[PDB]
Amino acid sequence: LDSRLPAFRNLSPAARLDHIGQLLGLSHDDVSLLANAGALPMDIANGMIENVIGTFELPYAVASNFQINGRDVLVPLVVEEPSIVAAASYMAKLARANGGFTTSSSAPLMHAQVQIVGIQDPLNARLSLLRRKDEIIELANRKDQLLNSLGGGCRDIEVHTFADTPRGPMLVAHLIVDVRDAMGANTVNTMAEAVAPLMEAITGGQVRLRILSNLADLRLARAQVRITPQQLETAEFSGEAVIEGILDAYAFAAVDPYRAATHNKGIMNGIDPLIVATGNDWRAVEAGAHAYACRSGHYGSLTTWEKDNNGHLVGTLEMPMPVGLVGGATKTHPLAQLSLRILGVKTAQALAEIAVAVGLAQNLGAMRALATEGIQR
């Protein structure tokens, strides 16, 4: 596949959809999902959420030029705001010249929390749970035989205590669960429910919340990009000077939360529209992202920007990225399935990897524009 899509931005929507079809070998039926409005049947919309009275459209676009670990990919995006898809495409174009985006990711591990109140000896109870870890993990893994058969399941437990609470001490067990190609919520919630009685028995507390964490910091995805000064030269500024301007803008984000919130918002302009295009939950991705940004005690930048020893601009993005290829709208929305076809992803973690590449590209594009805009006279 060649994702360069020459002249794409200036073709008609019909021509763009043709050129996509050719590259991919899309079927007639697949292309027809965009012949006309109303690809989401009302019977499916009505089954998705409650109190449905119709549907609401956003534009559906494809960013060009992306390359992930040497392989070109086409990226579908759904959003209302201008400049995003262009910026993504242009920064991907520049990235290609230097090897494109390089990505990696964790296993698809999610936390399930089990909160236990009213224990007199929570610190001791924590060790009683840890002594009985294998029993808890076995129980967690009893029911979902499809998940187990696919190579997922509860791998481990950790237990945390919060001594200092206006509502008494709490103990919080986390099941660590490999959820394969799902986002994970229903999978891990179900496990948390199943193990709760046993935990109660072991600790003598009352179980309260049994619930996933959206701070999915064992489900990380990672992207790298490199840009050379020659690529960043403008009519006004040397590429070297633009690189120094981008580093200055990164440092500003890193120290000032008022800057970091906006900087990170620009990452999410890249990521969220891919989450929407694939029928995935963008509130989960948002929460994970921003809570991770402040894990240090200070709300900072999710990306990093540096200059390497050759003077090249190098950027990273590592962050939680819980997404699915299965579940809910990702399965039932015909255009979420189309999006997955367009992407070519074979695992949820491959989707996550593309997500962070396009977040990284978006932040780069935003920073580049802000760094190179002349001052008025």
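In case it trips you up, residue 1 is the first one in the sequence shown, and so on. Superpose the two forms; the largest set of C-alphas matching within 1.5 Å is the rigid core.
Core superposition of the other structures onto this form places the C-alphas of 32-40 farther off in 9 other deposited structures of this protein than those of the other stretch among 335-343 and 32-40.
Comparing the two stretches 276-284 and 136-144 by root mean square C-alpha distance in 9 other deposited structures of this protein, with all structures fitted on the core, the more displaced one is 136-144. As recorded in the PDB entry, 113-121 is the stretch of 287-295 and 113-121 with the greater mean C-alpha temperature factor. Once the C-alpha B-factors are averaged per stretch, 22-30 and 320-328 rank with 22-30 first. When the C-alpha B factors of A163, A223, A107, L215 are read from the deposited coordinates, the top value falls at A163. The top Cα temperature factor in the record, among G100, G204, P82, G266, falls on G204. Among the modelled residues of its chain, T304 has a C-alpha B-factor that falls in the lowest third, as given in the PDB entry. In the PDB entry, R71 places in the middle third of its chain by CA B-factor. Among all modelled residues in this chain, the alpha-carbon of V62 has a temperature factor (C-alpha) in the lowest third. The PDB entry assigns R132 a C-alpha temperature factor belonging to the highest third of its chain's modelled residues.
The deposited CA B-factor of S12 belongs to the middle third of values across its chain.
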